[PDB]
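Before any questions on binding or motion, here is one chain by itself as structure tokens, the form deposited in one PDB entry.
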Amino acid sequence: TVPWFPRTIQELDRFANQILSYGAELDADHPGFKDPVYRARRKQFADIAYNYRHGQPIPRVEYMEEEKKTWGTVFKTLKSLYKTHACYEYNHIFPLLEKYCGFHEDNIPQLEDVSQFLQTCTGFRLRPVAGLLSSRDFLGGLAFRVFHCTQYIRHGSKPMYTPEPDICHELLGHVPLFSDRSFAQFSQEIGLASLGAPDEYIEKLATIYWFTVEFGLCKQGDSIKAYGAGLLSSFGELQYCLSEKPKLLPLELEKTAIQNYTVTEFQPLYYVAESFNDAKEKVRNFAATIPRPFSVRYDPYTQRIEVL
């Protein structure tokens, strides 16, 4: 058989019933495990995500001073590195995010505002996400240019550390790239490749995603820059990834897809993309090899997937 995949953008609403119900914040190892206020706060964000329905504005939340402080620390510390380490596309849009979205040390941007901004740039939109989505579900949303993103913030005890994605990672790592048409197209291609793909292929796609959207490096001029969300929101690794230490291989989906990675240490190797358009073409071809009984196409006019 073939696994269920949404056919219209509203159908993404079914994902809320298939997330991991036991958050990382319930783990004794989590920095905010013994913090009842944090736990309660996380539950509050989970409830907002859980009741969210497509088409509604994403609820605005008043962040606590403590939360603003953490955001402020992370923002200030990472910003110094962007002009020199981030890809051109990241740097070109950041000033605009600062202007229209309130990306500033004293203010955590509201997802609704950021969503509206992405929509006018590439038609990308955000949806608050409760817990951990399956790889299939997370990737599927990309087909509709929908990014599921966290609204909560990491525990304030370790501002430069997070065992999971949090709002700092989403806003400083993902968002800027989604403002670029080429990257948006590339991302969506990964999304389309997964609709109805068998589980073992979803895993290959998840691995390509990891080495591109999360930890990708790209050629720029005669230089190399970071575009991976995991690198752009990590002070340590962003500096490391462009040093002499890591091994850099050229993006080759045949191999990238089978590659193993760590999730607790810096990556021993990165794949470098020629451009986002090139990467998109590579995904397109690769998707051609996924044993799927049909072909999919997205109709931006009606926001529906067309099964051919």
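Heads up: residue numbers just count along the shown sequence, starting at 1. Under this definition, the rigid core comprises the largest set of C-alpha atoms superposing within 1.5 Å between the forms.
If you look for the form deposited with a small molecule bound, you will not find it shown, but the lines that follow are about it.
Comment: the small molecule is not present in this chain, but in the deposited complex one of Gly141, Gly196, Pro109, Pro165 has a heavy atom within 4.5 Å of it, namely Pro165. Although the partner is absent here, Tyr22 sits close enough that one of its heavy atoms falls within 4.5 Å of the small molecule in the deposited complex. In the deposited complex, no heavy atom of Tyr90 sits within 4.5 Å of the small molecule.
Contact check for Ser234: a heavy atom falls within 4.5 Å of the small molecule in the deposited complex. Though the partner is left out of this view, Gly156 does not reach within 4.5 Å of the small molecule in the deposited complex, counting heavy atoms only. Although the small molecule is omitted here, in the deposited complex all of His169, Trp210 and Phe215 have a heavy atom within 4.5 Å of it. Residues with any non-hydrogen atom within 4.5 angstroms of the small molecule in the deposited complex fall in just one of 181 to 189, 98 to 106, 115 to 123, 225 to 233: 225 to 233. After superposing the rigid core, the Cα of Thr262 is displaced by 2 Å or more between this form and the one not shown. Once the cores line up, the CA of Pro250 ends up 2 angstroms or more apart between this form and the one not shown. With the core held fixed, the Cα of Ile58 is displaced between this form and the one not shown by less than 2 Å. In the deposited complex, the CA atoms of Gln110 and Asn17 draw together by 3 angstroms or more relative to this form.
Between the C-alpha atoms of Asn17 and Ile153, a gap narrowed by no less than 3 Å is obtained in the deposited complex, as opposed to the form on display.
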